[PDB]
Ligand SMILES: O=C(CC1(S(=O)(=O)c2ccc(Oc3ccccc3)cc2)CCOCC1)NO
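Just the one chain here, laid out as C-alpha cells, in the form solved without the named molecule.
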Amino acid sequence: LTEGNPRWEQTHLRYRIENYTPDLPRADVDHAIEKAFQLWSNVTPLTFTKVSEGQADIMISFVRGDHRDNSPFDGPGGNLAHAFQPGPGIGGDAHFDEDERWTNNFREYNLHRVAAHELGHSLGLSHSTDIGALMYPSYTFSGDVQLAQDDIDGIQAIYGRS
C-alpha cells in the first residue's frame, strides 16, 4: 500500500529539539520554533507539545554536510534547511544547515521564517507557487511572519479549521 499524501493521524503532536545552534542563545531558538508551531496550530485542530527526551513525532536538529540521510547540506548558502513529510521514524523531522548563520533579526537567514516553512512540510504540505506564501521555496522575510491564505487553505485541507 503506497500513500501519496501522508498525514498525521494524531492532531496531538510532540516535538523535540535534539540539539542547538551556537549561532543564537538557547531561548531565542526555543522561541523561533515554538512560535513557528504556533502559526500552524492556530488554523487547525493541531496540538503541539515540547519534549526534552523520549519519543517525539517531529525531531529538530541543526546539522551540517552529510548527516546520514540522502540530502546532505551544501555548506554556506544553497539549501538552508529541509524537512520530511508525515511518517514513522525520520518522517516529520526537520534538519537545519548549521553552516548558515541563524539570526533572530533582519540579517540573512532568520530562523523563525525558515522554520515556519519547514514545519509546513513536517505537517504534510508541499511547496507553493504563490510567491507571497510561507510555502514558497525561496527565502523571504519582512519583519513579521504569518500564514498566507494559501498556507491556510493548504493545511486546513488536510486537518480542518479553527
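Numbers follow the displayed sequence, beginning with 1.
The following text describes the form solved in complex with the named molecule, which does not appear among the structures shown.
* To do: Name the stretch, out of 45-53, 111-119, 31-39, 58-66, where some heavy atom lies within 4.5 Å of the named molecule in the deposited bound form.
  => Among the listed stretches, the partner-contacting one is 111-119.
* Should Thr11 be counted as a contact of the named molecule in the deposited bound form, where contact means heavy atoms within 4.5 Å? -> No - in the deposited bound form, heavy atoms of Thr11 and the named molecule never come within 4.5 Å of each other.
* Residue contact check: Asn19 to the named molecule in the deposited bound form, 4.5 Å heavy atom -> No, no contact at 4.5 Å.
* Can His127 be called a contact residue for the named molecule in the deposited bound form at 4.5 Å between heavy atoms? -> So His127 counts as contacting the named molecule.
* Asked: Is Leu123 one of the residues lying within 4.5 Å of the named molecule in the deposited bound form, judged by heavy atom distances?
  -> Outside the cut-off, so no.
* Counting only non-hydrogen atoms and a 4.5 Å cut-off, give the residues of 120-139 close to the named molecule in the deposited bound form. => The stretch 120-139, when checked against the named molecule in the deposited bound form, contributes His121, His127, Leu134, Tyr136, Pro137, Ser138, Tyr139 at the 4.5 Å heavy-atom cut-off.
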